[PDB]
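Each remark here refers to the structure printed beneath this line.
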């Protein structure tokens with residue numbers, strides 16, 4: 017029953033008078049920390065504060081909430097990232113002076129590793145954020161394509177997808193594949209393959225390797 | 011703080027509000043609230059709190075104080091449900107259950123009553139659109155009530171003794187993110203070129219069927 | 016012809032690149048189709064035009080008797096200059112993001128604004144309405160090829176103008192850019208300018224009313 021489009025509206029409905037790039041900068045850099053604090057805390061509801069705000073979040077990380085019923089319009093830690101991702105997008109779709117401001121401060125660590133940068137477009141860059149799948153239309157299919165590569169280059173579980181495979185797109189179309197022309201999904205794929213990702217590296221050891 | 015809206019808008023605040031209370035809302039809480047509002051306004055005027063919480067037929071709301079004389083001019087957050095918004099929000103929720111599938115119209119008919127609409131003898135016969143539009147804050151969603159909230163506050167300023175002061179609020183308002191709202195579209199859209207219904211609906215407020223006794227008129 | 020459009024550009028950057036700024040790129044992209052008269056009227060094979068400081072020497076084929084002239088390669092026509100400047104701008108905002116917003120204000124494209132593009136829809140699209148942008152589809156993600164294909168589809172044009180566009184080599188192997196992958200980002204670049212409506216701009220909303228949009 018959960019409507020991923022309505023939740024964001026409901027999200028901006030509450031906090032989206034306090035949101036600025038500064039709090040978006042702290043959240044993404046400390047999400048995993050929040051995932052861990054939520055993993056060890058034992059309150060099904062937990063108030064988290066990222067740079068002033070302020071959020072009340074459902075704890076599904078505590079080993080005994082991993083499979084709870086999650087109320088639709090209840091902002092989880094993943095859902096929040098999606099909404100913080102979809103929000104930045106909007107401020108970059110609209111006044112370009114904001115995007116160049118967004119570039120300076122915010123850092124998507126899941127994009128930095130893998131080697132993305134803002135240099136390749138915010139749809140791709142902000143697309144590495146978990147939860148951006150809830151908005152495949154806003155992010156040009158980059159979440160569906162980003163996790164596909166990880167399945168290929170890396171070998172992430174085909175199962176950990178299936179969650180996105182279901183997202184949906186636009187109105188009538190149940191996303192799937194041909195439903196919405198694969199060409200626009202194919203392009204995004206070809207786009208990410210251009211960046212590759214690899215650690216390193218720069219010097220060769222004559223001692224061995 | 012000063013002009014004008016900043017943010018805004020109310021569609022988002024509404025769909026967030028149904029997030030908070032939508033689970034346990036019934037035509038029964040509306041029946042109580044829409045009646046109790048008058049008195050609720052008074053208690054908020056009496057109590058010294060900046061933002062209280064009241065229960066009406068069960069729920070359960072944390073509301074913002076806007077009638078207490080010290081807090082009238084103060085700023086209000088967006089998610090902060092002001093009773094006048096609460097009146098505008100709920101009024102939409104009934105309008106959207108009605109305009110969904112009929113059945114559910116029937117329950118709002120037997121239960122919910124609009125006291126500001128019944129002092130003009132309205133009833134559901136006049137199409138839920140018109141009746142519900144009488145509710146305070148109904149101007150926040152002009153389309154969800156077919157321009158009626160704009161007309162009524164444009165009707166009792168003329169056919170009654172009100173000021174154009176209570177029209178600055180009514181305007182500044184969007185008709186689905188609309189440039190040129192004033193009156194101003196093509197075909198004199200709805201405004202007056204569709205209603206003539208607050209005109210056809212009489213002064214009424216008679217109070218009792220004849221009644222024809224020793225009294226002038228009527 | 017003899018010239019690879021990449022060689023002419025890098026040569027063009029050597030002469031004027033040292034002085035090229037968004038400000039000087041504005042003046043050309045306003046005096047674009049109105050410089051066609053200056054060259055047509057003056058009977059000189061090469062005129063030293065001025066676009067806010069610089070300072071380029073445009074080679075003339077706008078003259079009706081200079082159609083018989085074959086253009087050299089290190090030479091620069093108005094079509095070439097436009098295209099080159101169109102690349103430099105995109106080129107310069109490919110690096111940094113912080114330098115992209117600079118373009119948003121200081122520059123404006125006459126061709127893209129009419130058909131209803133705007134910067135919002137991407138600088139690759141927008142700058143890709145410029146004449147000579149086809150010379151660099153690899154940089155404009157096939158947008159110059161697409162627009163040309165659109166203004167001949169819904170609208171109507173001669174498919175003979177399309178001839179000059181279908182010659183540029185995306186890079187090698189080669190002139191196409193005809194299939195590869197797949198076939199060539201096209202379609203994506205095609206129906207994306209499909210998503211932005213033809214809705215001719217201008218006006219100020221607006222009712223009408225008596226007749227027309």
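Chains as they are written, first to last, in the authors' numbering: chain B, 17 to 225; chain A, 11 to 228; chain C, 16 to 228. For every residue, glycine included, the Cβ atom is placed at its ideal position computed from N, Cα and C.
Item, Value
"Exposure of residue 174/A, with buried meaning 16 or more beta-carbon neighbours within 10 Å", "exposed"
"Short Cβ contact (8 Å threshold) for residue 61/C with residue 53/C", "no"
"Pair within 8 Å by beta-carbon distance, residue 77/B and residue 147/B", "no"
"Counterpart residues of residue 65/B in DSSP-defined beta bridges", "70/B"
"Run of the alpha helix (DSSP H) containing residue 209/A, from where it starts to where it stops", "207-210"
"Under 7 Å by beta carbon: chain B residues contacting residue 89/A", "29 and 30"
"Under 8 Å by beta carbon: chain C residues contacting residue 196/A", "222, 223 and 224"
"Whole-Å CB distance - residue 177/C paired with residue 167/C, under 8 Å assumed", "6 Å"
"Assigned secondary structure, residue 107/C (DSSP; H/G/I helix, E/B strand, else coil)", "helix"
"Proximal residues of chain C, C-beta to C-beta of residue 200/B below 9 Å", "202, 203, 206 and 207"
"8 Å contact criterion, which residue 1/B and residue 38/B should meet: CB distance rounded", "Nothing about residue 1/B can be read from this structure; chain B reaches only from 17 to 225."
"Cβ of residue 187/A within 8 Å of any chain C Cβ", "no"
"Coarse secondary structure for residue 199/B, derived from DSSP in three states", "helix"
"Terminal residues of the alpha helix (DSSP H) in which residue 165/B lies", "158-168"
"Interface positions of the region 125-155 of chain C facing chain B (Cβ-Cβ less than 8 Å), listed along the chain", "134 and 135"
"Limits of the unbroken alpha helix (DSSP H) element including residue 92/A", "Unbroken run through residue 92/A: none, as it is neither H nor E."
"Close-in-space but distant-in-sequence residues of the same chain around residue 123/C (CB under 8 Å, 5 per side omitted)", "41, 44 and 45"
"Exposed unless 16 or more other CB atoms sit within 10 angstroms - verdict on residue 218/A", "exposed"
"Three-state secondary structure (DSSP) of residue 35/B", "coil"
"Amino acids of chain C, ordered along the chain, whose beta-carbon sits closer than 7 Å to that of residue 83/B", "Simply none; closest approach about 39 Å."
"Short CB-CB distance (under 8 Å) between residue 61/C and chain B", "no"
"Through-space distance from residue 32/B to residue 80/A, alpha-carbon basis", "27 Å"
"Alpha carbon of residue 228/A to alpha carbon of residue 28/A, nearest angstrom", "45 Å"
"Any C-beta of chain A under 8 Å from that of residue 39/B", "no"
"Contacts that residue 74/A makes with chain D (C-beta to C-beta distance below 7 Å)", "Note that chain D does not occur in the displayed structure, where the protein chains are B, A and C."
"Length of the line joining the Cα atoms of residue 204/A and residue 183/A", "19 Å"
"Length of the line joining the Cα atoms of residue 70/A and residue 110/C", "55 Å"
"DSSP three-state assignment for residue 59/C, whether helix, strand or coil", "coil"
"7 Å CB neighbourhood of residue 14/A in its chain, flanking five on each side removed", "182"
"Contact the region 101-120 of chain A vs the region 183-201 of chain A: 3+ CB pairs below 8 Å", "no"
"Closer than 8 Å to chain B by CB, residue 212/C", "no"
"Rounded separation between residue 216/B and residue 121/B - CA only", "26 Å"
"Whole-angstrom distance between residue 75/C and residue 138/B, CA atom to CA atom", "42 Å"
"Listed by chain order, chain C residues near residue 190/A by CB distance under 9 Å", "220, 221 and 222"
"Distance between residue 58/C and residue 159/C (C-alpha atoms, nearest Å)", "32 Å"
"Chain C contact residues for residue 116/B, given Cβ-Cβ distances below 7 Å", "112, 113, 115 and 116"
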